[PDB]
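Visitor: sequence? don't have it. structure:
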Ligand SMILES: Nc1nc2c(ncn2[C@@H]2O[C@H](COP(=O)(O)OP(=O)(O)OP(=O)(O)O)[C@@H](O)[C@H]2O)c(=O)[nH]1
Ligand SMILES: Nc1nc2c(ncn2[C@@H]2O[C@H](COP(=O)(O)OP(=O)(O)OP(=O)(O)O)[C@@H](O)[C@H]2O)c(=O)[nH]1
Ligand SMILES: Nc1nc2c(ncn2[C@@H]2O[C@H](COP(=O)(O)OP(=O)(O)O)[C@@H](O)[C@H]2O)c(=O)[nH]1
Ligand SMILES: Nc1nc2c(ncn2[C@@H]2O[C@H](COP(=O)(O)OP(=O)(O)O)[C@@H](O)[C@H]2O)c(=O)[nH]1
Ligand SMILES: [Mg+2]
Ligand SMILES: [Mg+2]
């Protein structure tokens, strides 16, 4: 058994993880009371990956819920799927971070890490063979950014050999929600390159772009974006839960994708996305799935890969299919636009196949791709940071907590080193 | 067979022993009249550990009830289970000690220690084989902290080679109940160090934390706290009265958990404590009992194990379990937390497993832990004592009964020496 | 004519006997009342029960056992259990207070007042026997009455009954798993009795039977009962030649003749060959070569030692069931070829075989499958020293700062017992390595 | 007394051995539950005195998802419950993992079960190891398993059926490292190594068989038929019997050169076999056709140095001689100068059995051709190019050094394969 | 039908011509002043 | 050891030109 | 599996010997209970709780194991089927136990309210800079 301990963090983390646990309980046939009612026997033998064993045949999710205010905790607890979670796993505080990275990381958030650590060690020592962890948060907040990073940099040195995934939501360039968010984004990106193994960059307006042109969704609330994130959140760990012709866990997608220990930022994607009006006017085949995966309008980060070079491309397929019209199509896409793949790796493609599709879909596929076009997100976050820091716009909300003012300078320096390192590995012959 | 003469002195001792005898009578199947209305044969096979065979086909407890003022005996006699105790065992005076150690040890306890020793000499010599004595009292009060230690000092002369236990309620860190409590605590620890084979220290806000966080009790009375202390009190002797795969009496735990003759201050615990709404979210299973056994939010003393090194740990289990799971859990907990156990003892866990669980429970366990983190409680009491004694704060209420100040000096010297000797095994 | 008196001391001895005597009452046609409904036996000669059972004046069978314990919480289970009428009421001795994991108490204080009654019962049991082969003592090392009172019992038995043979099936402290803290003291102090007043001492690790039960059988989370069934099967296999008919019968004296090279070396190793569940016996057969090769594996051993690092000095193979001597000869000729099983130089043969025609008997609700064949290797190896090496370290660690000695010296024991017992175990270590060195030259250049 | 222990390591090994043992059970009298509904089964199956036949195989894999399907489905009754060895985690596409860190604590159980299988063996001819180069446990644990099998048993012949990485298609990125590092160890601990390629079987299934869209099962059935033809002469009588030790004397000229090919000649569908005569002259020409080989290397670029032909069915030696002469007289096929004979023949009377639901036809003629050429050197040259292209910037070495391995291993294996690479040039000239 | 029937071992064997001994299979046929002893082929 | 195989018996490390 | 019309003897169906699969005991997540059923009464032994186990069930379990699993011999067959009288006692208003009870209880509280009596997990303490408890 290879079980994942799920770590929600903040408002973004909780709103994503509620929907994620909904789709996981949908796939395994778990009712909100916590029992099993699936129509097949293939949904139970690998339920220990996400579900712990309680009394009476009750399956409790492997989640700890972290927040710095009780506003979102009480909402997710009173939701339709809020009664599966363990009552003790709700750990929250009284005073919030207030969209401050420093409050979430140093002063207010440091009060709470010693209880989330208690719940995490409570939950990880019950594991027989623990595979790794999983964190959901946002980089533009105060307790998703600060407290989440403190959790990342505090559970890594206790368990120094596991696989750590973060489904971070980095700030959008165009649409904005928080004035002070370049500070939090820079100060969390500087720390996200030392204590992570896989990081999935997701932009809100990229999901809006998907909903507005691919899905043709007209009034997409946050639930639809949560489903878009969570479908590929469950499309990566799918080979542990179901058999397949070619299995790949998190680590098999880690060794095969990151070439160097400081290049672990990918752009996710989901293949069979169509409107409700185009439900029946589509043949769900592999040439219709890989063509949409590599389309520039499909990635959930607002960085066009045509501006860069694909370092490595991973693809996890779901549903009953063979292995000719997978590999021939991936060869064709490697040979057609060969200018976008690095020449110093001859085969840039990793492929896994599972034969248990999501319900209501014949076939599905999840894209994970490491590209050096991610430098245009970092450099533009840095430009908006340095348009703010040189006039000391909001530094008194950060300096007044004991944080030394040099920390912004070294965070900016490390961000620039990341951008330059991505730049050298692009034109390298 | 193996007989325990239960003694209790003071309001704390009486109000804990009331719930203790209620729990024992529920477990052995004794109705409030005194007879047997149980439904098993194992409940009568070793009933003479706590009870006496008498007229009526009924069993009376071996309880010696001692107080300097009968104010709180009125409440236990009016309770549901107040008619079982023999009227001759109630020993009482006319005036209370007033939270004074000197009145409970020299002036008012001296006139009452004759009748109590007569009662315990009768109850101890109506035994085929007396195992040892049992005292419940408090270290903050006046008749508990004086009268109980006078009883121990008078009983250990008559019965030296026997086992004495003390389930004392030791003073609480944050909020006290008696102003002059550090004086009583120091003067009673000075006697319990040289006088007691096994001491159990129970803090009141440790139990408040248990009832508020673990059990989620909004309105807990003192009945729940006494219920918890009674539950960990009956679990120590549960192998004397019921069979099992591996049995351990009081003497086996005395041999295993006491390395040197001055380290016998243990931290009790009770394993299957679960809130009402969290009952169906967790299972009763040996790892999920031994995890809560070693948790810092389950100790009944207000000092976590992380402050020091675990010296020896007991674990008395009840129920239908496998021995391999138990003996692999106690090895795993020693292997993981290798820095908090003493390296010079290869095995720091003594394990016993009983047969019959408590009513309504699958499994139960009773943590008994000898740790070097209890020395920080004695340091706290000692420094509060020095703050009080530097300016002779309440000392005229003690010298007025004819006490010398060298008693206070020597009672703090013994505490300081025990603190320094517990610190010897920290490395 | 071939009697054997079993002595069960301590909690471990009594609970081992509670399975051993159920096995004995099932191998012969004995109901728990004590009746023999049919006098004819399917493999014996109408007196095969005389090794363990004796007749009374009312057509009843009574075991030749004495159950001793210093506390009655486990003997009263025998007095109230299913076999309450099988045992003589006097045959189950009990005490008042146990030794409470103290060797000193059971050896000097509590054991002195009960040893006379136990010796009286042993004398009255051995009065009836006219062909007493020897004794079988069942105790454990990590206890007060299994280690202290058993020592006093053996000390008096040796001076009372002379050079009569005796065997102990002791329980040894495991390397990692323990149920007591003061256990190494008791396990060290009892080495002198099992070295001096013994003829063939058996050491059994609870942990090794835990790996055998979890791996070979499909039983996860076993208890002490599943552990005791295997020990019962082993003691049944070591005595099956004194009861039943076979091709090559071997008594308990040929045992010590072909197994014990020197009087201070009497610590062989036990393993039972076809310990499989009924699930896994459906696929594989149980040929003699299969259950001879499986006996030599380190995982199948019943202590936590590795026999590859040591060298065998002697070996005794006891066969049961569908066994013809041709198959035993073929299996032995097979296992002499391989490099792994390396024998000592002064034992060119190094094998003693014994064949009985009775398959082992299963118990209701048992763990082991019903089989056609069974082997019980009983061999001494120099690889048994790695248990004494693990025990000496724990005793030295405890005694170096004089931890628990106050519970011992004040109970009548002179404190110099620990140093002398440690020196005895060191001398044993040196003696066991002296008989393993090859008497050859280490080539040249 | 002619027994052959099979070892299947990895997902490729298990998914090949499933089809292999289905064919083995159909070919003999063995029911799927191990019963009987005449001593040919003793090579592959063992005997119990109750009517139960147990296979002489071990299914070893580190991930549990592949072997758990075997002990659940149809043939769950046939195998011993212990013979399916399973770990907790996998090697995660890392030779270093499965060779130094995870494969070390599993190899004792596999060695013990191999010893217990060999205790049932009195006439042990040799071993059959199935694995793949591109994986982690198929490259790391297979190398360690053979590496300690050589010290366990000595000069006993161990035959390899390895899935070589394809030139054009690939399922991984890090596979040149594994394929470099395992051939440094499968040189001194492998008497023979029959190589297969996935895309060549894809082209064979597309063209010769009617099956477009072929899964991995159709790939494994052909390997099962070939490996039945390899050991067919042990179990059934023939005009000219061949042994396992009769292969390497006539197929392996030098101990460095033990990488021959395999070719099943009458690969044909049921509809197409109804129109085609499949005589000896028509199917001997299909063996030497470069489009019908199962490795993507063209023998026209190289020269044959040996040829082993094993026929099945009602083949007279008349047509065998008269067709080998026809193969000789045409000059598209050429031989080396230092072999003037270049042929080894074998004839078994027993025709190849048909699996129901498979895409093969009922045939009275079949020949499995084994031949090593100098045209396999281009595969080593291409894999060499990929390694020294990826090893220049040290593209994935941190995933190997941290799991129990050095820097100099790649270098010394690489110059070892330089010696292997141009050891072929001194032979073909 | 799946359940055919448990036949008792008594009938359907005895009315033959000869003795058909059990320990050593021998078939004694005794006509009038003639004998032909057979055995297992 | 230099660049091409010199006279003298030794291992032919062909990439190192040694 | 103990129900078969063709193996009815004296009015009770029995399970034949040819229908027993040897792999069923190593199937933890195939033969398992999903939901079960609650009762709106006090705990105890009663007539409406289905898997209610008295002291007469363990004696029956020990008896059946010592009775050789209730063999049924036949003519020209030593053992043919398994008697259905040994599995009768494992064969069967009431509410569901799995619906959560925490939804009708008090709300979860923040961590500092829970730390009202003894303080756990404070950054300015000794134990925060020591090795934690695993
Ligand atoms: N294999 C096995 N070992 C047992 C069993 N019962 C007890 N033991 C072992 O015996 C030790 C317990 O101490 P004992 O020697 O039995 O105690 P005792 O003989 O009753 O001596 P006292 O307790 O002092 O009266 C443990 O370490 C166990 O390993 C049993 O039923 N089976
Ligand atoms: N011919 C054939 N090849 C297969 C089959 N299954 C997997 N493969 C090959 O296996 C490769 C994938 O790696 P695996 O062999 O599955 O890896 P593994 O042996 O499971 O070891 P890990 O990498 O640690 O999981 C692919 O490149 C395929 O070429 C199969 O059924 N038939
Ligand atoms: N993309 C996406 N963003 C969300 C969601 N919920 C909140 N956010 C974003 O989170 C950012 C601020 O995060 P915030 O709520 O302050 O995190 P906090 O520190 O935990 O409070 C805003 O830019 C929101 O757009 C969601 O469901 N999807
Ligand atoms: N924890 C706990 N403490 C008690 C209880 N009853 C009394 N006490 C303690 O008793 C002390 C007060 O002194 P008390 O025993 O009543 O005076 P005395 O009767 O003259 O000895 C305080 O320290 C209280 O903590 C009880 O039921 N539980
Ligand atoms: Mg005992
Ligand atoms: Mg794999």
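Guide: Okay, I see it. Residues are numbered from 1 along each chain as shown, chains lettered A, B, ... in the order given. Ligands and ions are numbered 1, 2, ... in the order given.
Visitor: and the strands in chain A?
Guide: A:3-8, A:51-53, A:59-61, A:63-66, A:90-91, A:130-138, A:163-169, A:198-200, A:265-270, A:310-318, A:349-354, A:364-371 (DSSP state E).
Visitor: chain center to the fourth one, what's the gap?
Guide: In this case it means strand A:63-66. In terms of Cα atoms, centre = their mean, to the nearest Å, the centre of strand A:63-66 is found 16 Å from the chain centre.
Visitor: hmm, back to that, go through the strands of chain A and pick out the most buried.
Guide: strand A:63-66 (a mean of 28; mean count of other Cβ atoms under 10 Å in any protein chain shown). For the C-beta atoms, the positions are set from N, CA and C on the backbone; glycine is no exception.
Visitor: which helix or strand contains residue C:270?
Guide: Using DSSP states H and E, residue C:270 sits within strand C:268-272.
Visitor: could you point out which element follows that strand?
Guide: That would be, after strand C:268-272 and using DSSP H and E, helix C:288-293.
Visitor: that next one - contacts with which helices or strands?
Guide: helix C:325-335, strand C:373-381, helix D:107-119 (3 or more Cβ pairs under 8 Å, 6 or more residues apart in numbering or on different chains; DSSP states H and E).
Visitor: so chain A: which segments form each domain?
Guide: A:3-257, A:265-374, A:375-425 (CATH domains of a matching chain).
Visitor: a markdown table for these, including distance to residue C:237?
Guide: Below are the domains of chain A laid out as a markdown table (distance: least, Cβ to Cβ, whole Å):
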| stretch | distance to residue C:237 |
| --- | --- |
| domain A:3-257 | 37 |
| domain A:265-374 | 52 |
| domain A:375-425 | 70 |
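Visitor: of the ones you listed, give the one that comes closest to residue G:30.
Guide: domain A:3-257 (6.7 Å; Cβ to Cβ).
Visitor: near chain C at all, that closest one?
Guide: No. Applying Cβ under 8 Å from any Cβ of the partner chain, one finds domain A:3-257 separated from chain C by no less than 12.6 Å.
Visitor: what about the nearest residue to residue A:399 once chain neighbours are set aside, how many residues close to it?
Guide: Of all residues not flanking residue A:399 in the chain, residue A:405 sits nearest, at 6.1 Å (Cβ to Cβ, 6 or more residues apart in numbering or on different chains). By the measure other Cβ atoms under 10 Å in any protein chain shown, the count of residues near residue A:405 is 11.
Visitor: was I right about residue A:405 contacting residue A:411?
Guide: No. Look at residue A:405 against residue A:411 with Cβ atoms under 8 Å: they stay out of range, at 11.3 Å.
Visitor: on that earlier part again, what is the strand holding residue C:270 packed up against?
Guide: Strand C:268-272 packs on strand C:200-205, helix C:224-239, strand C:373-381, going by 3+ Cβ pairs under 8 Å, 6+ apart.
Visitor: angle of it against helix C:252-259?
Guide: Here strand C:268-272 points in a direction 110 degrees away from that of helix C:252-259 (axes from the mean of the first three to the mean of the last three Cα atoms, to 10 degrees).
Visitor: contact partners of strand C:268-272?
Guide: Under the contact criterion Cβ atoms under 8 Å, 6 or more residues apart in numbering or on different chains, strand C:268-272 has outside partners C:200, C:202-204, C:230, C:233-234, C:237, C:259, C:295, C:300-303, C:305, C:307, C:314, C:316, C:374-381, C:384.
Visitor: so how far is it from its chain's centroid?
Guide: Taking mean C-alpha positions (Cα atoms, centre = their mean), strand C:268-272 and its chain are 9 Å apart.
Visitor: what about the residue in chain C positioned nearest to ligand 2, distance to chain A?
Guide: Proximity of chain C to ligand 2 (Cβ to the nearest ligand atom) peaks at residue C:215, 25.4 Å away. Relative to chain A, residue C:215 is positioned 17 Å away (Cβ to the nearest Cβ, to the nearest Å).
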